[PDB]
Amino acid sequence: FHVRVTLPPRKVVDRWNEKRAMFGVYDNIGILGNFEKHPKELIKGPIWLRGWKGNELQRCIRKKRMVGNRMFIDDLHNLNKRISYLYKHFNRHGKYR
Amino acid sequence: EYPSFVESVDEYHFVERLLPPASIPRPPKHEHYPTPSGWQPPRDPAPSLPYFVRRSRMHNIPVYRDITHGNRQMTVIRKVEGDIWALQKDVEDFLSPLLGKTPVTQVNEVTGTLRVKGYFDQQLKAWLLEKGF
Amino acid sequence: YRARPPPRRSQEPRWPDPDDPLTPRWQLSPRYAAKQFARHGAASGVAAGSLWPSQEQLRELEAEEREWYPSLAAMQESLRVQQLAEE
């Protein structure tokens, strides 16, 4: 529980840099834009996660269906074991049956 | 070995009949009100009461029923612009002789909303028609 | 700052490389062509003749249609048998 004896350099954040100042700029794109491109298209991320959601089990089984055959042997195997564990933990355990 | 096709603009007007409207139409003016199903338009001027009830986009008085916990019966008056207390005075005073007691109410100034305990829907429509809202 | 150019949707008819191995199969389907025509079709450059069933396809649809789907007269004649039996 020994704590730092030296002060850190004060962090200067300019909230006016390009990224923070442009943040949320095209969000209304569908509405203000005569709907053509829907706001889902603004999402930059992992290829199976775009504009979609789910709890841990659904995430895993989804990733396995979409990008599965492009996976490395090890992460594929861990993906199978993880899907198994989550499966029987969600179905067969809990307080609320 | 492709089939021969013929191009024409004549029969296209039929396909105009199949396109859905994305906006609701204004109700055609009739000679007589109320109409057969009972829809009655608002007056030419608006009343002088310090509140106004916007009719819903189908143009009906925005009064609804609501049920909480399966036994709790309420009536919601919605879309009110003005002093809502002004409205609550009138609603309460109008409902009181029928109920025998002053009805319980929740006023919401931020929502512009009134809640009344019980089902008064039928009797509230008739009232907000008289006042012309 | 100036904002980025707003994201737009090109309306030019779009053709994925046919010989490209990585191409998704749902974009190389005979159906994708017909829908391509339905969106533009002059600008798409889809042959209009292709949008109808071929000679083979037509003989096969014909076969199914007369096999599983009788004639109105025939079905009335079919009902008469049952009603007579019941009486």
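Quick note: the coordinates plus some simple rules give every number you see, no bench work behind them. All Cβ positions, even for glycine, are placed from backbone atoms using ideal geometry, and neighbour counts span all protein chains on display.
Numerical summary
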| item | result |
| --- | --- |
| Rg(Cα) / (2.2 N^0.38 Å) computed for chain C, rounded to two decimals | 2.05 |
| Within the protein assembly as shown: Cβ-based charge dipole about Cα centre, in debye rounded to nearest 20 (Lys, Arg +1; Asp, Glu -1) | 2960 debye |
| Average beta-carbon neighbours from other chains, 10 Å sphere, peptide C:1-7 | 4 |
| For chain A, alpha-carbon Rg and Dmax in angstrom | 21.6, 60 |
| Paramagnetic reach from C:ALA34 in region B:1-16 [backbone N under 20 Å; point 7 Å along Cα→Cβ] | B:1-7 |
| Inter-chain Cβ neighbour average for residues C:48-61, partner chain, 10 Å | 2 |
| For q = 0.11, 0.14, 0.17, 0.22 Å⁻¹, Debye-computed log10 I/I(0) when each Cα of region B:1-131 counts as one equal scatterer | -0.54, -0.76, -1.02, -1.40 |
| Dipole in debye (nearest 20) - region B:31-85, about Cα centre, beta carbon charges: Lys, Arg +1; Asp, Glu -1 | 240 debye |
| Using θ = phi - 60° and Karplus 6.51 cos²θ - 1.76 cosθ + 1.60, couplings along region C:29-43 (whole Hz; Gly, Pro as x) | 6, x, 5, 4, 5, 4, 5, 4, 4, 5, 7, 10, x, 7, 6 |
| Taking A:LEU32, A:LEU76 and counting other C-beta atoms within 10 Å, the order from fewest to most | A:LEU32, A:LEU76 |
| Across B:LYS79/B:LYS131; B:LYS79/B:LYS125; B:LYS29/B:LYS131, pairs whose alpha-carbon gap is larger than 18 Å | B:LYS29/B:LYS131 |
| The protein assembly as shown: C-alpha pair distances exceeding 38 Å, % | 63 percent |
| Dipole of the protein assembly as shown, positive direction: furthest Cα of A:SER84, A:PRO8, A:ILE43, with charges on the beta-carbon | A:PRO8 |
| Tilt relative to chain C, helix C:55-68 - C-alpha long axis, 0 to 90 degrees, to 10 | 40 degrees |
